[PDB]
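One structure is given here, and the rest of the page talks about it.
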Amino acid sequence: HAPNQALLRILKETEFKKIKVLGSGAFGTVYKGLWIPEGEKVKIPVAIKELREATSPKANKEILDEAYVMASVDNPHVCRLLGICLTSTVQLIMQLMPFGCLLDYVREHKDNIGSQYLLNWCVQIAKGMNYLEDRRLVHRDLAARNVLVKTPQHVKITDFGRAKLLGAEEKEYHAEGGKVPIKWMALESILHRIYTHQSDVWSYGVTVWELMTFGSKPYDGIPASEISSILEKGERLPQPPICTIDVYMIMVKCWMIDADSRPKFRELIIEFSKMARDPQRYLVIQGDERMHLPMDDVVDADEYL
Ligand SMILES: CC(C)(O)CC(=O)NCCn1ccc2ncnc(Nc3ccc(Oc4cccc(C(F)(F)F)c4)c(Cl)c3)c21
């Protein structure tokens with residue numbers, strides 16, 4: 001394994017301005033804002049998380065470990081961390097993704113989402129996931145809520161709170177146990193707390209199904225404790241109405257019990273790209289052809305290098 005020479009940038013608090021609240025979680029408030037590096041005539045749209053003073057040493061430690069992961073990744077389909085700021089409580093500064101999480105976005109805009117967008121997002125997520133595999137990173141929480149929308153044409157994978165870097169000799173990760181997203185997890189993760197890139201593939205399949213059903217909840221009837229035996233009996237999520245068998249067979253392959261029988265991300269890239277070239281052959285959406293979707297020194301983070 002190579003030396004990780006990623007730079008962690010520590011920002012001065014006067015360098016960035018909070019403009020409005022985007023949301024608030026358990027660990028603090030997230031603000032829309034602008035980052036104005038001193039002496040560079042540039043303004044960068046950012047999201048800024050200000051951790052609560054209530055935050056434990058334990059929580060702080062785990063948040064910084066997540067920032068370490070985010071600072072180590074550099075791909076157009078993985079979230080961009082700009083830096084952190086070491087004030088009274090720690091602040092994390094990331095690229096603004098103005099359209100929010102992809103799960104909300106498909107629920108809220110389902111009447112205007114065509115086959116071209118759906119297939120392109122599958123490609124993009126596969127590209128980010130492939131890159132994470134190249135980095136020997138196992139995500140462990142892939143899901144539509146954990147994909148952000150920069151523009152309708154460009155999504156990025158986020159939330160590395162569960163991510164684990166594999167060791168050089170290491171093949172699988174073994175977790176300790178706790179609050180787990182059971183309905184997105186490979187069977188071997190539920191049963192034996194084993195996680196691989198192939199288990200991320202399973203999660204990818206569920207994420208695709210979320211997208212193809214415009215944000216339905218997987219196994220909506222069923223409680224989490226029942227999931228693993230349902231899977232052991234060979235039952236899977238149903239074929240979404242818009243999906244040709246071509247697309248559904250792909251999701252199904254992602255949910256093979258034998259992890260090595262699942263597709264690789266680089267193959268998912270290939271197969272969804274083929275379909276993105278003729279999208280109406282692969283997803284059947286009523287009115288598809290009808291559909292389309294959307295101070296001075298402003299630059300996107302992607303162009304600030
Ligand atoms: C909580 C919540 C507010 O309920 C959910 C939520 O975070 N979503 C906010 C909504 N949101 C909308 C556009 C948008 N664009 C970009 N980043 C967003 N969110 C965002 C997320 C995490 C960020 O930072 C980190 C980095 C690592 C670890 C942690 C952790 F929470 F564990 F402490 C935070 C930042 Cl700076 C922003 C955005």
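Things worth noting here:
- Shown here for region 129-206: trypsin sites (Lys or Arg not before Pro) in loop regions (DSSP other than H, G, I, E, B) with at most 11 other Cβ atoms within 10 Å, namely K171, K179.
- Label-point gap, in nm, between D134 and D65 - each point 7 angstrom along Cα→Cβ: 2.7 nm
- Taking each residue as 0.36 nm, the span from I245 to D74 lengthens on full extension beyond its C-alpha to C-alpha distance by 58.1 nm.
- Put a dot 7 Å past the Cα of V252, heading toward its Cβ, do the same for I19, and the two dots end up 4.8 nm apart.
- Anchor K17: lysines whose Cα lies under 27 Å away (excluding residues fewer than 8 positions away in-chain): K32, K41, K43, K49, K61, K150, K156
- Once the C-beta distance of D297 and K32 is scaled by a Förster radius of 22 Å, the resulting FRET efficiency is 0.80 to the nearest 0.05.
- Rounded, prolate or oblate (a/c below 1.5 giving rounded, otherwise prolate when a/b exceeds b/c) for region 139-275 by Cα gyration tensor: rounded
- Alpha carbon centroid spacing (whole Å) that separates region 236-250 from region 1-50: 40 Å
- Tensor-based shape of region 169-248 (alpha-carbon gyration tensor, a/c under 1.5 rounded, otherwise prolate or oblate): prolate
- Net charge of Cβ neighbours under 10 Å - reference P181; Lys, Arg +1; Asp, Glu -1: +4
- Prolate/oblate/rounded label for region 153-198 (Cα gyration tensor, a/c 1.5): oblate
- With R₀ fixed at 35 Å, the C-beta to C-beta distance from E108 to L305 puts the FRET efficiency at about 0.60.
- Taking the charge dipole of the chain about its Cα centre, with +1 at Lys and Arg Cβ atoms and -1 at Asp and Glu Cβ atoms, the residue from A175, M275, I10 reaching farthest to the positive side is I10.
- Each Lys and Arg adds +1 at its Cβ and each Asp and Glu adds -1 at its Cβ; summed about the Cα centre, the chain shows a dipole of about 320 debye.
- Available extension along the chain between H192 and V284 is 29.3 nm, counting 0.36 nm per residue and deducting the alpha carbon span.
- For region 1-48: relative contact order, % (alpha-carbon pairs under 8 angstrom, 6 or more apart): 28 percent
Note that we place each Cβ from the backbone using ideal geometry, even for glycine, and neighbour counts take in every protein chain shown. Every number in this text was worked out from the coordinates using simple rules, so none of it is lab data.
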